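Chemist: coords please:
(one chain, ligands or ions: 3)
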Amino acid sequence: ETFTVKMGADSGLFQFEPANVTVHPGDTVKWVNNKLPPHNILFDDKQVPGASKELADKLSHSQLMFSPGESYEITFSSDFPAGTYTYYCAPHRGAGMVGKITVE
Ligand SMILES: [Cu+]
Ligand SMILES: [Zn+2]
Ligand SMILES: [Zn+2]
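Modeler: Residues are numbered from 1 along each chain as shown. Ligands and ions are numbered 1, 2, ... in the order given. Structure as follows:
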């Protein structure tokens with residue numbers, strides 16, 4: 001299954017929608033740039049399973065997305081550790097533009 005997460009609410013809120021997504025191994029999360037850019041998608045090293053910086057860095061999309069419809073996806077294949085992957089948008093961090101992917 002692919003779960004889409006809007007970056008920016010349709011109504012002009014600096015939020016990921018849905019902020020929390022539960023996925024199973026093999027599922028994909030697709031972020032779509034919707035409203036109020038720029039956005040990015042950052043996982044801190046201590047915010048992924050096992051606190052792996054290698055993993056968190058590979059998954060982070062630190063570059064800023066400005067154009068509507070720009071996208072980034074992660075397929076949480078069976079080779080990903082189960083657990084929570086908590087992320088945030090740096091440009092809108094102060095607005096609480098955060099989310100969490102729970103694998104399994
Ligand atoms: Cu943002
Ligand atoms: Zn850190
Ligand atoms: Zn389950």
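
Chemist: Quick one: end-to-end length of stretch 60-69, please.
Modeler: In terms of Cα to Cα, to the nearest Å, the two terminal residues of stretch 60-69 are separated by 18 Å.

Chemist: quick one: that stretch near ligand 1?
Modeler: No. Using Cβ under 5 Å from the ion, stretch 60-69 stays clear of ligand 1, with a minimum separation of 8.8 Å. (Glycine included, C-beta is placed from N, CA and C.)

Chemist: which residues are in contact with that stretch?
Modeler: Under the criterion Cβ atoms under 8 Å, 6 or more residues apart in numbering, residues 7, 31-35, 37-43, 72, 87, 90-91 lie in contact with stretch 60-69.

Chemist: ditto for stretch 79-96
Modeler: 7, 14-16, 25, 36, 38-44, 47-50, 52, 55, 59-60, 62, 64, 97-104.

Chemist: Out of the contacts of stretch 60-69, which are close to ligand 2?
Modeler: Of the contacts of stretch 60-69, not one also sits near ligand 2 (Cβ under 5 Å from the ion).

Chemist: circling back: in PyMOL, how would I select just the buried ones from the contacts of stretch 79-96?
Modeler: Buried members of these, identified by 16 or more other Cβ atoms under 10 Å, are gathered into one PyMOL selection as follows:
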select buried, resi 7+14+15+16+36+38+39+40+41+42+43+48+55+59+60+97+98+99+100+101+103
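
Chemist: Which members of the contacts of stretch 79-96 are positioned in helices?
Modeler: Filtering the contacts of stretch 79-96 for membership in helices, criterion DSSP state H, returns 55, 59.

Chemist: Take the contacts of stretch 79-96 and keep only those in strands.
Modeler: Counted as lying in strands by DSSP state E, out of the contacts of stretch 79-96, are 7, 16, 39-43, 62, 64, 98-103.

Chemist: can you tell me which of those residues lies nearest to ligand 1?
Modeler: Proximity of those to ligand 1 (Cβ to the ion) peaks at residue 39, which lies at 3.4 Å.

Chemist: thinking again about what came up before, and of the ones in strands among the contacts of stretch 79-96, the nearest to residue 78?
Modeler: Comparing those against residue 78 with Cβ to Cβ places residue 103 closest, at 9.9 Å.

Chemist: I'm done for today, thanks for sticking with me.
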